[PDB]
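Written below as structure tokens is the structure these notes are about.
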Amino acid sequence: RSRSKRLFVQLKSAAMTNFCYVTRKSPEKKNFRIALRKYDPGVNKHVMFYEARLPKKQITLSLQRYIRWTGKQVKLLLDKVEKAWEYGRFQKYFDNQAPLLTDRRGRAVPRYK
Amino acid sequence: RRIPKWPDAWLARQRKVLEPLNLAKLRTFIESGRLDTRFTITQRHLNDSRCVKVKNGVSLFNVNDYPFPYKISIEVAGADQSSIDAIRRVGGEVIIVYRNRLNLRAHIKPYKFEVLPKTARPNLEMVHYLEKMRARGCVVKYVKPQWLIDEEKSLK
Amino acid sequence: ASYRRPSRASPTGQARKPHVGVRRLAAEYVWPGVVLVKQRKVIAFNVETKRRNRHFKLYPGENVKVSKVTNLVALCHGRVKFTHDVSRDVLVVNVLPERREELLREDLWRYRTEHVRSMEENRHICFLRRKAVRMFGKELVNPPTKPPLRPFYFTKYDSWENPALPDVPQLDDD
RNA sequence: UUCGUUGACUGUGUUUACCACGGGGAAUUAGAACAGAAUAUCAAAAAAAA
RNA sequence: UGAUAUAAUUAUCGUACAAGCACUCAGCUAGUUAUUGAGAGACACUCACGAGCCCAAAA
RNA sequence: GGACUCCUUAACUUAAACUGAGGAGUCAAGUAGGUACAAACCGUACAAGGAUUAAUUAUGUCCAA
RNA sequence: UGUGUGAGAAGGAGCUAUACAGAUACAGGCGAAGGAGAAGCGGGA
RNA sequence: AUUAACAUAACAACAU
RNA sequence: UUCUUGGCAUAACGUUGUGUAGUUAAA
RNA sequence: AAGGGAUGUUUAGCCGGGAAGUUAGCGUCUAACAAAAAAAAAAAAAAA
RNA sequence: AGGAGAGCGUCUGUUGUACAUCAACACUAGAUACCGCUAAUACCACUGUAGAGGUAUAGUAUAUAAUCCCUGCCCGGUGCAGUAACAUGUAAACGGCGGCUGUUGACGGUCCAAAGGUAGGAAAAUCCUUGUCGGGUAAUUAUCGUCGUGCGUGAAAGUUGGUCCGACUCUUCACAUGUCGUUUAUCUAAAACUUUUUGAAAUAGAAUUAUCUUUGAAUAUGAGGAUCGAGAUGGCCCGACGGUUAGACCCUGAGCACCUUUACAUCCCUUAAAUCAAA
RNA sequence: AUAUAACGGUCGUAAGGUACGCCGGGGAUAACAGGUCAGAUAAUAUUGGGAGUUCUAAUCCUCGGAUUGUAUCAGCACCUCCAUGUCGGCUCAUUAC
RNA sequence: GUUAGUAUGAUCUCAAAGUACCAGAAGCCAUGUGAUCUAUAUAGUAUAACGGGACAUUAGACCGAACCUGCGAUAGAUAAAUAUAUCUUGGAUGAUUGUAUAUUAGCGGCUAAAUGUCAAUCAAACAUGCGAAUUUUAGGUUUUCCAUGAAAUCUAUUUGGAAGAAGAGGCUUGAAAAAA
RNA sequence: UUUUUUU
RNA sequence: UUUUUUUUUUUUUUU
RNA sequence: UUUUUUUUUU
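Chains as they are written, first to last, in the deposited numbering: chain LT, 10 to 64, 69 to 126; chain Ls, 413 to 568; chain UB, 217 to 390.
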């Protein structure tokens, strides 16, 4: 494993184009905001990139299988399903990965959602 | 176990691909006389001539943008831009009609049905595809819905 | 008694060896991207008190580039040439841009190891030793016509100038 | 000069150094072409009552 | 009478040789099979048709 | 993931048929000949097959021969 | 046209997974100059 | 009635 | 005919998977 | 969530007979073979 | 299977073993813990039976070993008992109990701890396979007595032991004696030989089966040299790594099979918790 | 966003004994007997030094090297393969100095 | 006057096949039998034997016959016997001996406690199995002739040892027939 | 079927 | 002085 | 019902 003490920062575009960059800095400069002028393909122009102040029970294979088999603690999965549903997804038209929740017989034909 | 996953493979493997048909084979068939150019050629004639076994829809594609010498009015479900341009340059025609799984069977094998079915309405995807091909320049034949007419009356 | 077992003792040993040295001989056709000489940036202590030859690196000559690890790589389609430096007592690799053609026995003299005093002299010699100028050219002696070999991952052993194969023009040479 | 800058950019392509394979990854070219947005440096100033 | 000659089998770097089986004979006994596979720089036969080939189960 | 010998060389008691490296031959998978007696050394125009024939090789020439 | 190559529980005092948003990348530009003497400030652009 | 292993007998031999 | 550039690392980042993130107005 | 009794299964490096100590990615230090390596057989000069 | 000294020690009774050739179990006795009746405990078809057609001088569980003998200190510690709704009491239940330094040394300094081996025995069922001295013998290191340092054991963990007792080790005394230096004579026979009757097994690659020496790291009736004149029966057991099958050690086993503070996973039971009977 | 540092990566923080030892295939009982090796060491002779102190060799102690040999100790391989402290005694024997 | 594929018949078993060249362990699970030998005190439904002596004296007392049992030595160990033969073995009024018919069954029972015993090699009994048994060890593997002709090397496997498995490397390329 | 020993 | 050596399988050393 | 169906074409 790596023993690097360097902090991980996250630069976001000022254009609200959902563009982000990845870099590193020293740990001493904790209270220092990084600002650069990088290329933004979302607008085909040079825009500002500012450092963002980016900040849970993890689900494993074992846990998943247990849940799926026994049926205990299904709310963890149901929350993800609700999130997905809320977000643009499960659309009938213009969708191949997950056009529908399940088939008529109650099956998930798309292996990769 | 070393190379990562590749969903793109098995996602596109389950796609329903239309049956391709090169224009050179059609030209050879016309020269041999298997197909009659005096009338409009259709999938019924194409299947009965043993040219291409039609199962879900014939598609036309050209190679090296070769021009078409003859002039014909073919009826297929889809065609490439090069084929459309080559056929239209001489004065040919490409007609597209909407047919579902049942209707295609009915049309290709009318003898199999005591009472012929009724044409079904298209969905959003098929309507978009038909309108897209109309811009390409294929004569589309299908019933239009009310929501499109209403919207277009104002859009124009 | 006692004995400390070193970390590098058997079976835990270095399997990959530092194959440092020249990789192309004289009168050897090369193209850009091929590594001519491999080197390492690591330097040991007391370099001036050793017998081994690998502790000494070569300097760049003509039509060469230095990589990140101080490797000498070619930059043009040509033959490899070696030269010695009197001022420094160090060999220098030189590349002469040449087209693909039959190598005659009367042109071997062009690729001889000579001694120099200066880089300027190096170039001056290079110029004289060069077959022909790009802008003037010459008459090729039995140039290739067949396409190149297949990719490595396809076939490790490919026939050169296959009669069976058709004739293809050469454009990469120039 | 106590000088500028963020290029530590974004896309198309399957040709190449080494080679059991894997990790082109002790770390190789302008694949010299094509489609966008940035930074740095300009060049020239001959003829003096024979 | 003259000359000449280290039973056989398997393993093994090693005829390895003072290791393992066998008194002899009679009968039995160890690479069987593509309605489903094939030519992949350590080796791949042949017949028919041809941009066309085969036709499954009823019969 | 090899047994003997030739040159170089690590370890050992300049020990041991040990343990382990660099590059040539032989055996392994080689016949018959020489070396007194049991693979490794020398020689071979080196064993498809048959017969009552001639030869410079290691090497020999008092007797067993 | 003459180079690569550390095997054996052999020797040695090998050994540390780390740094940087920049007088640590960095165009252009600049950059250390004997001895003696003064100063007692571990200073090149 | 019947192969081999196995058991017994007869004949055949002289440069000894 | 264009005067430069896709860092720094003589110790270079743990592959794959999970999780997270990202993509689908098409035949 | 705690206790008692049963069932099942695991406990792998390497020198070394065994035990113990030591060690495990990558990188890296220590090397001996000869004379057509000698104008030292075959070369040069000959006023040959 | 006798006389005498001394070590150990409840046998009678059951049985072949927890190491170095020298054991265990059971028991007369005492003591601790649980339990008030549909008792506890056991089998584990659960409104059952045993316990028991019994009732705290009863039933059951654990450990020790004589009728007696005076029988040491310690609850920091797992567990149980109790409840400030986590003081305190149980060592005859549950592992055990120590360093420097100064004057042969009562005594003085200092560290640590819950406590800091008690007494007795003591060259030992324990250290060491020759500790000093005394008794026996022509010699005693074997053995008894004794000293208590050389290492050390250690009290209802069972220590020590008066008297009595002995299929338990050892020392020593007495009678006869072929055990003996060292071997004889007679007889018998489920001993041995001949004949009659009758008739096996282990083994066996083949065979017409050599003495000396030297080759082959194992090894010579079979290989080089020398030498050498055959067979059958009784007898012996020096070789042919003699034959058969008693014992016994190791592994690359990615092989079982048992036991177990592998308590990692699972099951059963007891706490806890829920449900119906139930107005 | 944790592990795989056993870092060609299943570590899943899941350990020991068997003298009650059965089955399978190999030859090793915790000084690794024999053969081979000859470090220590043994035999003969030699040299330096110290005793005998009149005296270097009547005689004795010790050191270096060389030849021969291997009793005993250590080490011990790829070779060999019976059962033990790698024998104690009894009977009966052969060879060399 | 420029595409070359598709489907049969042979051979073979190369990561195919509810068998995969053949033979060959310990052992697990399921369903049954066994208390006629042996252990538990023969548990009253039944039940037998013990001659004598010492002024031992109602007792774990002593000698001793029957009865139970069998120390040591010898022989046998292919047996007169798969635990026998001789002699002064020990107990013998008591946890004495002996008997008809009965109970406890293996994921077990018995056990005055040895891993001793349950139908003469039980740290987990015996019988049957279309539950048709597994092996990096190891044995065997059957007619001839001809052509060609190896390795004991490398990475990886926490890397082994008596070459296990996977990859790479190693083979048919060339030649070598002649007169002014 | 032995050789050597200057002047 | 030389021919005669590990000829160390035996005889022989005939020079 | 399965497979195949030139990338060349004055």
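In this text, a Cβ means the ideal position worked out from N, Cα and C, and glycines have one as well.
Let me check understanding here. Comparing Cα to Cα, which of the options lies closest to residue i?
i, options, result
"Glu278(UB)", "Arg268(UB), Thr286(UB) and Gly294(UB)", "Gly294(UB)"
"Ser495(Ls)", "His540(Ls), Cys550(Ls), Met538(Ls) and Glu526(Ls)", "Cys550(Ls)"
"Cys29(LT)", "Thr83(LT), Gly84(LT) and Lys47(LT)", "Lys47(LT)"
"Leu365(UB)", "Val357(UB), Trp376(UB), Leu344(UB) and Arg221(UB)", "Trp376(UB)"
"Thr329(UB)", "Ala348(UB), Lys297(UB) and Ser303(UB)", "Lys297(UB)"
"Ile442(Ls)", "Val466(Ls), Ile520(Ls), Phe480(Ls) and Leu423(Ls)", "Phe480(Ls)"
"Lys254(UB)", "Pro276(UB), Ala225(UB), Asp389(UB) and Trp325(UB)", "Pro276(UB)"
"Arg333(UB)", "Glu318(UB), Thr299(UB) and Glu314(UB)", "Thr299(UB)"
"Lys556(Ls)", "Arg462(Ls), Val539(Ls) and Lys544(Ls)", "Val539(Ls)"
Who are the neighbours of residue i on chain LT, taking C-beta pairs under 7 Å?
i, result
"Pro419(Ls)", "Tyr125"
Just the chain Ls side, please: which residues come within less than 9 Å of residue i by C-beta, in chain order?
i, result
"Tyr106(LT)", "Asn535, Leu536, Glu537 and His540"
Could you tell me whether the Cβ atoms of residue i and residue j are closer together than 8 Å?
i, j, result
"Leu312(UB)", "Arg350(UB)", "no"
"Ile484(Ls)", "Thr454(Ls)", "no"
"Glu60(LT)", "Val18(LT)", "yes"
"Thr440(Ls)", "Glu487(Ls)", "no"
"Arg548(Ls)", "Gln493(Ls)", "yes"
"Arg267(UB)", "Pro234(UB)", "no"
"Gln386(UB)", "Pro359(UB)", "yes"
If you count every other CB in all the chains shown that lies within 10 Å of the CB of residue i, and 16 or more means buried, which is it?
i, result
"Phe58(LT)", "buried"
"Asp383(UB)", "exposed"
"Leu320(UB)", "exposed"
"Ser566(Ls)", "exposed"
"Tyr327(UB)", "buried"
"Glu95(LT)", "exposed"
"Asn535(Ls)", "exposed"
"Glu314(UB)", "buried"
Starting from residue i, find everything on chain LT with Cβ-Cβ shorter than 8 Å and list it in chain order.
i, result
"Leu430(Ls)", "Within 8 Å Cβ-Cβ: nothing; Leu430(Ls) doesn't reach chain LT, min ~17 Å."
Measure the beta-carbon distance from residue i to residue j and round it to whole angstroms, keeping in mind my assumption that it falls under 8 Å.
i, j, result
"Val251(UB)", "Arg239(UB)", "6 Å"
"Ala498(Ls)", "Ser471(Ls)", "Contact flag wrong, Cβ pair sits at about 15 Å."
"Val464(Ls)", "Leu433(Ls)", "5 Å"
"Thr26(LT)", "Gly51(LT)", "3 Å"
"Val309(UB)", "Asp301(UB)", "Contact doesn't hold; Cβ gap of about 11 Å is too wide."
"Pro363(UB)", "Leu344(UB)", "Not really, about 34 Å apart at Cβ, beyond 8 Å."
"residue 65(LT)", "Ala111(LT)", "The gap in chain LT between 64 and 69 takes in residue 65(LT), so it carries no coordinates here."
Run through chain Ls and tell me which residues come within less than 7 Å of residue i, C-beta to C-beta.
i, result
"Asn109(LT)", "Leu423"
The ligand PLP heavy atoms versus the CB of residue i: any closer than 7 Å?
i, result
"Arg268(UB)", "By its list of ligands, the structure shown contains no ligand whatsoever, and the ligand PLP lies outside what it can speak to."
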